[PDB]
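Chains as they are written, first to last, in the authors' numbering: chain A, 9 to 628; chain A', 9 to 628. A prime marks a further copy of an entry chain. Note that CB positions come from ideal geometry on N, CA and C, so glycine has one too.
Protein chains: 2
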Amino acid sequence: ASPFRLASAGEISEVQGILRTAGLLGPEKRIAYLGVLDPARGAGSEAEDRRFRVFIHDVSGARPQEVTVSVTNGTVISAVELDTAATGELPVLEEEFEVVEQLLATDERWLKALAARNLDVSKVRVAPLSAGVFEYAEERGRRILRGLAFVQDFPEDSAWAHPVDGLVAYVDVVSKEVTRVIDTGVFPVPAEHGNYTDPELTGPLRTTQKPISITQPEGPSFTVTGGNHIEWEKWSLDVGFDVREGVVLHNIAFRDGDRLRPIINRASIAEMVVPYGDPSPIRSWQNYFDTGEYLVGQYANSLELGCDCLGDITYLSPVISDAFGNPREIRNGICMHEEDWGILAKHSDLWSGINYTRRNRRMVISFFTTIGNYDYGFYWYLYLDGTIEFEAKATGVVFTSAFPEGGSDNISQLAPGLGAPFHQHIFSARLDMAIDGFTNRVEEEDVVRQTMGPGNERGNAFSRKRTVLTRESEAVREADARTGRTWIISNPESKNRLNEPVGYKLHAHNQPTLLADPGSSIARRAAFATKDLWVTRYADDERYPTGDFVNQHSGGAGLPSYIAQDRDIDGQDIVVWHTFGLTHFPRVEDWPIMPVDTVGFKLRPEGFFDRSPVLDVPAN
Amino acid sequence: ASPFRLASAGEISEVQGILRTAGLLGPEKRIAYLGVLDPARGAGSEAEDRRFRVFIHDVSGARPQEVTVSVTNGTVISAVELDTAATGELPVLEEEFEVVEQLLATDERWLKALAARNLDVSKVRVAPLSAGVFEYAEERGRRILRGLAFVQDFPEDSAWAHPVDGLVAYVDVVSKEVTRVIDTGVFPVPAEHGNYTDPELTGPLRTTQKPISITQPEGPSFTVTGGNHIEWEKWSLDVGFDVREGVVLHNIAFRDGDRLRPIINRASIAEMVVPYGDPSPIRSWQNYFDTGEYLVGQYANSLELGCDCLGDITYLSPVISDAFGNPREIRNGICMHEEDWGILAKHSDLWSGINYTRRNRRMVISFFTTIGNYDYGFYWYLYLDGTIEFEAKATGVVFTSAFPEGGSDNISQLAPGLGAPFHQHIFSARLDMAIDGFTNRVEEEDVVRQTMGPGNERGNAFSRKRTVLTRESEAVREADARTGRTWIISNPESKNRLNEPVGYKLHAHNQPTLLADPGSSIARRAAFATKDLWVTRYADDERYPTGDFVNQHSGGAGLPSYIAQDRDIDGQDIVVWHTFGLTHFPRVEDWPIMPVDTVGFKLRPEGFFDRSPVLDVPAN
Ligand SMILES: [Cu+2]
Ligand SMILES: [Cu+2]
Ligand code: NA
Ligand code: NA
Ligand code: NA
Ligand code: NA
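#1: How would you list, in chain order, the residues of chain A whose beta-carbon sits under 8 Å from the beta-carbon of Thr554 of chain A'?
#2: If the cut is a Cβ gap below 9 Å, which residues of chain A does residue 3 of chain A' touch?
#3: In terms of residue numbering, what span does the alpha helix (DSSP H) encompassing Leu45 of chain A' cover?
#4: DSSP beta-bridge partners for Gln73 of chain A?
#5: For the alpha helix (DSSP H) containing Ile277 of chain A', list its first residue and its last residue.
#6: Within 8 Å of any Cβ in chain A', is that where the Cβ of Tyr512 of chain A sits?
#7: Which word fits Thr215 of chain A', buried or exposed, when buried means at least 16 other C-beta atoms lie within 10 angstroms of its C-beta?
#8: Let me check understanding here. Comparing Cα to Cα, which of A:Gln306, A:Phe162, A:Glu451 and A:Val134 lies closest to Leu153 of chain A?
#9: Would you list the residues whose beta-carbon is nearer than 7 Å to any heavy atom of ligand 6, in the order they occur in the chain?
#10: Can you find a heavy atom of ligand 2 that lies under 7 Å from the Cβ of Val596 of chain A'?
#11: Between A:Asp357, A:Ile39 and A:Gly589, which has its C-alpha nearest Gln306 of chain A's C-alpha?
#12: Between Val484 of chain A and the rest of its own chain, which residues show a CB-CB distance below 6 Å, the 5 nearest in sequence each way excluded?
#13: Are there any heavy atoms of ligand 3 lying less than 7 Å away from the beta-carbon of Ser244 of chain A, as far as the coordinates show?
#14: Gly254 of chain A' and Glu397 of chain A' - do their beta-carbons sit closer together than 8 Å?
#15: Cα-Cα, which of A':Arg150, A':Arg59, A':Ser68 and A':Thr95 is closest to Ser78 of chain A'?
#16: I want to verify the contact list: residues of chain A whose CB lies under 7 Å from the CB of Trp599 of chain A', in sequence order.
#17: I need the DSSP call for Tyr512 of chain A, collapsed to helix, strand or coil.
#18: Relative to the C-alpha of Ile434 of chain A, which candidate in A:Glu453, A:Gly564, A:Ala17 and A:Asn518 has its C-alpha closest?
#19: Taking 7 Å as the cut-off, is the beta-carbon of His592 of chain A closer than that to any non-hydrogen atom of ligand 1?
#20: Cβ atoms of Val282 of chain A' and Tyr302 of chain A': under 8 Å apart, would you say?
#21: Cutting at 8 Å between CB atoms, please list the residues of its own chain near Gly227 of chain A', excluding the five before and the five after it.
#22: Quick one: what's got a C-beta closer than 6 Å to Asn273 of chain A''s C-beta in the same chain, skipping five residues either side?
#23: Taking 8 Å as the CB-CB cut-off, is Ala331 of chain A' touching chain A?
#24: Count the other CB atoms, across all protein chains shown, that sit within 10 Å of the CB of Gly202 of chain A'; report buried if there are 16 or more and exposed otherwise.
#25: Looking at the secondary structure, which residues open and close the beta strand (DSSP E) in which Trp168 of chain A' lies?
#26: Name the chain A residues that come within less than 8 Å of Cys315 of chain A', Cβ to Cβ?
#27: Of all the beta strand (DSSP E) runs that stay within the bounds of the region 528 to 570 of chain A, which reach a length of 3 or more residues?
#28: Using a C-beta to C-beta distance shorter than 8 Å, which residues of chain A count as neighbours of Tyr284 of chain A'?
#29: By Cβ distance, which residues of its chain are closer than 7 Å to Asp444 of chain A', with the 5 residues on each side in sequence left out?
#30: Thinking C-beta only, is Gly566 of chain A' closer than 8 Å to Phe536 of chain A'?
#31: For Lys37 of chain A', count neighbouring C-beta atoms within 10 Å of its own C-beta (all shown protein chains included) and say buried if the count is 16 or more, exposed if not.
#32: Can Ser166 of chain A' and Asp264 of chain A be called in contact, C-beta distance under 8 Å?
#33: Mark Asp574 of chain A as exposed unless 16 or more other C-beta atoms lie within 10 angstroms of its C-beta, in which case mark it buried.
#34: Quick one: is the Cβ of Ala565 of chain A within less than 7 Å of any heavy atom of ligand 2?
#35: Please list, in chain order, the chain A' residues whose beta carbon lies closer than 8 Å to that of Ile222 of chain A.
#36: Can you tell me which residues form a DSSP beta bridge with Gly155 of chain A?
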């Protein structure tokens, strides 16, 4: 009965029928995105209306459409034709992944380039790569993918070990035309294989690892009700799933005595971009918005018990739409479990004689997605002490190139003749805050050093300062690790027992933000990535930091346009957008398959509670 | 037979006898420090000589002594009388912890101060606090402790909830004289209790936590030989224990195929300091060198199975000396176990059809120490992929004060009338590096941003630069999170298969360093804490960043004096000293007992291996 329940197969089938009956889902139509809309502000009406938003592509060249449907009432709420030269192209379709390779295989320019390299066209894989917006005037308003080639020596071979450098092609996937083939010269195709399951490469497998058995003989400590509502160790929340964003957390609250206290209304990773830093014209256009262009939720893996998730696991299997509106289940796509997390609190007192130890634990909600060469794990953690943490785990296979004779300032060498271009993986977390309710504000907190002198005669004092962000035009902030900078989200109308406003502190990892030149195409299209923290006033239609249609959008959509409204954010319904990322100079140890590297952020209570919230944890 | 074996009870008993027979351990003598010396460079002689270093205090006022003893030969190697006004006082003795309270209880000035506050002297606990070096000329060459008072309402009461502010005393613990009693005014003693085991404060204990069972039905994957030699998943190392430093790791090496490759010769936390930032004269002198002044190893806890260490645990029980030279076992003082650590590597490939998942694990070596109000866990982690990580876990009870009416810029309020002064916890890791042998160098690596223009026409390129540190005078470095700064330790004479020098990259957390004014006493005595990274040339006697005798030392000992030698460190036997710490503005949630907070660092291979070192991990 909850409005935040996962989409059902029946709901998706009804959407299909509504669209079909309205004449919106003919044979030339494809669904590029379908998702449930969240309830509007003021859901205390109990009048449920389950609405779905749909992006509809047309493979014959007609204008695409954005459609909103009510499954509760069986009606089309609105349908708008999109001018894609203005507002952006629709996300990449899974069925387009093979179209680039197929169109190039019959193009004489492509074939002549492969012939010069003595490459069999049947062995050449072409990656379907988003195009961005650069100097090519003929691409405006056309649906373009770019292709880079990799050789597979046999069907089970890792093509990533064999990049074909000096060659790139651009394809119009609707008109089925190859617009440009660019061949800058012949590079040797690296010959070593990268087959990490080949015994010749792994050697004999270790026989030294003994089993670790993690079991819960009384079952888990959390309960799941209504399909996706979690209660665990005073936490309460709803686990949603969206095909663009992936796992979304709703209604994060903490039961403090008799009161359920809200903390976060909605938490998601609302964008992620992978900019490459190789200036070669073969790759200098590469910036993959894995979320906004490809939709990370639709490529979520089915997670295997014992391998991907270990322990007493509870699965959710979210349902999404395929390109024709049929429901499709991602079996075991979300893992949920609790984990021991070491010592929570400990003290042995010299005067009272009391020895005290308590153990910590965390609740884990996770999924894994695969986008071409990349594989990303998204982990949300809830801790006993009120801490909330997000962690991204990056693995998969690095994107490769030739390594130029004489070296490179922008590419790492991994194997003889094999390179990996420098790049970043940058995430945007969208945190619709609700600290004890919706009246919130953000303060920037810096350490303050003090000069030795009167009132500080021994030169030991230090302090802190807090600056309230009052308007959106002043709420675009940068990290400063040297001054210990953090941000506090507080509720000025809700005080703790010491009469101080309750709050939560955001702790960033302070990694570099977007490195590209500020005049670049990617700096305009991924403006969110140039700053660590943005605060906006909540609005229904301000969902993504890059706007609704990221593919081939010319730039400036999303956060820079939102904050131009300069709205009041001092004790208001606000949204925090936190940029964080990994800067990846690939190492030899990343090849042929990359060990996990991680990045994230956390929020800790800051005077939210009247004392430690874990005094009632028992002694194991 | 290994020279790196733990000290035995028999060795300590022999040291006792050697000292006694030489006339060095009469009734007025106390052992303030005793530890085994590491083998000198060039231990390939197999001629074992187990030597111990001893600091001997004299309770009658005679000069203390530093003594070196050979237990193998039964001889005193050297004995030097110490002029403590010059070189520093000896570490605090456990038996002095009660002496401050006892001496003050008979001093008329102290009693009159307690009488004005209507405090029963029998209920007043006095903390034995190290003195530092300030303006009091009469303290030079005298062994001074300072005392701050806390009320215990009954024997099991937490005295920390009841600080007696406005009052401090200084005591000469050898002459047994109270030198000064300073009373700046009457503050109310905070009345709320902080008894975290009192049901009136905890409420009913949770009944919602179900058990997590972690077992290893075939036993652990590591082996322990010779008492303290560990082999685990290609790692090899020796676990040492020293009463000053605690757990020390020796001979960290990795078996790469047929070769055992050294990485780190010796790893330890060689100092830790807690500076307070409250300018009140009652506390503005407070800077506790928990390692150098108090010796964290002697206060290591006995760790309980199921509570402190969970899973299949292997314990070590190190032996230390008491103040009279008797051996004393710290039962179950070190826990060792392996832990599952999630996903190691994962990829599902669109072209080969291969789905691949491997799990990670880590080896954990840990101990916990208690120094007055503080409790610290020290954790070393070894990962399958070659990563080495240190983590400190800070818990216990925050050091308290009154909260002044009208507020404070340097103290947090925790409860009515109860404050907690701002402070830092700053650690120094001493890493005697041995990357593939002893010829090492350090490079500082910064991200390099590039301007849009010729050769970078789309403004996307970025790069990195490495600067070799060639002399000690240029090897004092600061963090720069914004430029992604890291440090690489490499071996210029050992190349990987791509002909690049092998290396390891140090990743810091980039937390603030020492905040005190650079002209302060603590900035001179804890100079190491003012910079993130120091590199020195190895020398036998350069053990601690603060020098050998930290207590009441006037300043500048240790690292600033060492680097003045300006030795060559470019391809030499070098030692990296990394400063890292927590800046603690206490929150209400830290009271009455503090949930764990953490800080640390890690080292990851950087072209050390010829490819990923975990290709031979099996599929669970
Ligand atoms: Cu990467
Ligand atoms: Cu602290
Ligand atoms: Na446009
Ligand atoms: Na909000
Ligand atoms: Na001196
Ligand atoms: Na060394």
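Put simply:
#1: Residues of chain A passing the Cβ test: none, with the nearest at roughly 17 Å.
#2: With chain A' running from 9 to 628 in the structure shown, residue 3 of chain A' is simply not present.
#3: Segment: none, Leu45 of chain A' is in no alpha helix (DSSP H) and carries neither H nor E.
#4: A:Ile64 and A:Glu89
#5: Taken as a continuous stretch (DSSP letters only), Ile277 of chain A' belongs to no alpha helix (DSSP H), being part of the beta strand (DSSP E) at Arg267 to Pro283.
#6: no
#7: exposed
#8: A:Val134
#9: A':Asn273, A':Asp440, A':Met441, A':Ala442, A':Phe446, A':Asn448, A':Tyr546, A':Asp581, A':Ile582 and A':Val583
#10: no
#11: A:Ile39
#12: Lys539 and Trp542
#13: no
#14: no
#15: A':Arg59
#16: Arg619 and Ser620
#17: strand
#18: A:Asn518
#19: yes
#20: no
#21: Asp320
#22: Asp440 and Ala442
#23: no
#24: buried
#25: First-last for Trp168 of chain A': undefined, no H or E at that position.
#26: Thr365, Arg367, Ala627 and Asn628
#27: 541 to 545
#28: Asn468
#29: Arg269, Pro270, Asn499, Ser502 and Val510
#30: yes
#31: buried
#32: no
#33: exposed
#34: no
#35: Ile220, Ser221, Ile222 and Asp348
#36: A:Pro136 and A:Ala177
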